[PDB]
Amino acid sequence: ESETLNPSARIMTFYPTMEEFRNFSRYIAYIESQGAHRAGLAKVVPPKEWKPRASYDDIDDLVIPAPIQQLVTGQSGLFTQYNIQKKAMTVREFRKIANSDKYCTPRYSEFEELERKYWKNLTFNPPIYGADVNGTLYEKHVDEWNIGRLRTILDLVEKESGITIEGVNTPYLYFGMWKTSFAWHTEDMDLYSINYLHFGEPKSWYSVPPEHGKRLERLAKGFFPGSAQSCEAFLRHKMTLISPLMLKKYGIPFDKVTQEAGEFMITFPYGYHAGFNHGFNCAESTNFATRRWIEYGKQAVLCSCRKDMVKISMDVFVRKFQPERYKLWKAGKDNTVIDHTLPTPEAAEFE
């Protein structure tokens, strides 16, 4: 059944009606019944009727406490990105820098032109990414796809333990400018993520199907043996950029998609993604889960070289949703193998 859904594992795009759109978990379950998860990435375009905020003309005073200057080093489609923390600044200050002649978007015809220019000039004139800003731009009453309160089973973390993990069970805002990037990664604990582009120039994405994720890891370990020996999951450092031409060259399947203002991106468990911003923009994002994620969570290989890293206790999820397996899991004998093609069980509604 599942094997025959989206057998190309291409990035799918969905256009829900407002009735479909009102229930978040249900629609995620729906797109999985359509095999969307196999791509590792899906676009969801909300009804034109819908808006999370009436106006963004009131945010110029919003502070970006830790802007990041992105210094990229490398050649031949392989790069390492170093973060240089800069002093706090306001959205208006950032926009000014972003739109200045030094940092603004280059002129171009088709997207393929801008893409070529990104991968040619990535290491020159390091931009500033106003990333990881704690907050939401959703109005308090918006009940559909509210990144602040999505109500998935990831809520069980805070519920059981009181722990908040910034950007994971709370929202992050990202203010981008041209040539700012996010390196190849999956989410913390191999969770889902949701990304909403509030406004501005587009954000382009690359994705590797979860069922081919290990091949990407193998390639990465080969190009960075030093990093691979120092850490069991060095891609979680989110410093590694790899061009689509390199991926092609080594037979890693991947897809590309460009996200525009007003559009959602969903990433799926163990879906590697990377990309860049076209120009000044603003994205909001957080992580979430489904019953399917639990096994990914149990098997996630985490960064072994930093103490700062995100780790969620799987115990409560296994007790509540896999009680028959808890003793086996705790005794280290749970050898369940993940089928990346299966949809989450909540999808059984749509079969």
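Numbering starts at 1 and runs along the sequence shown.
**Student:** Looking at the entry, does 161 to 169 or 137 to 145 show the higher mean C-alpha B-factor?
**Tutor:** It is 137 to 145.
**Student:** Per the record, averaged over C-alpha atoms, which has the higher B-factor: 212 to 220 or 103 to 111?
**Tutor:** If you average the C-alpha B-factors of 103 to 111 and of 212 to 220, the larger mean comes out for 103 to 111.
**Student:** I'd like to know which of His278, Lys249, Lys256, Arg92 has the highest C-alpha temperature factor in the PDB entry.
**Tutor:** Answer, based on the entry's C-alpha B-factors: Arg92.
**Student:** According to the deposited entry, which of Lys43, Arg292, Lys298, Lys307 has the largest Cα B-factor?
**Tutor:** Comparing C-alpha B-factors across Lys43, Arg292, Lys298, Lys307, the maximum falls on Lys307.
**Student:** Sorting by Cα B-factor within the chain, modelled residues only, which third would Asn195 end up in: lowest, middle or highest?
**Tutor:** It falls in the middle third of the chain.
**Student:** How does the C-alpha B factor of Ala183 compare with the rest of the chain: lowest, middle or highest third?
**Tutor:** It belongs to the lowest third of the chain when residues are ordered by C-alpha B-factor.
**Student:** In terms of the CA temperature factor given in the entry, to which third of its chain does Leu150 belong: lowest, middle or highest?
**Tutor:** For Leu150, whose C-alpha B-factor we compare with every modelled residue in the chain, the answer is the middle third.
**Student:** Using the temperature factors of the C-alpha atoms in this entry, rank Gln229 within its chain: lowest, middle or highest third.
**Tutor:** For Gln229, the deposited C-alpha B-factor lands in the highest third.
**Student:** Of the three thirds of its chain by CA temperature factor, lowest, middle or highest, which one includes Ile312?
**Tutor:** Lowest third, going by the recorded CA B-factors of the chain.
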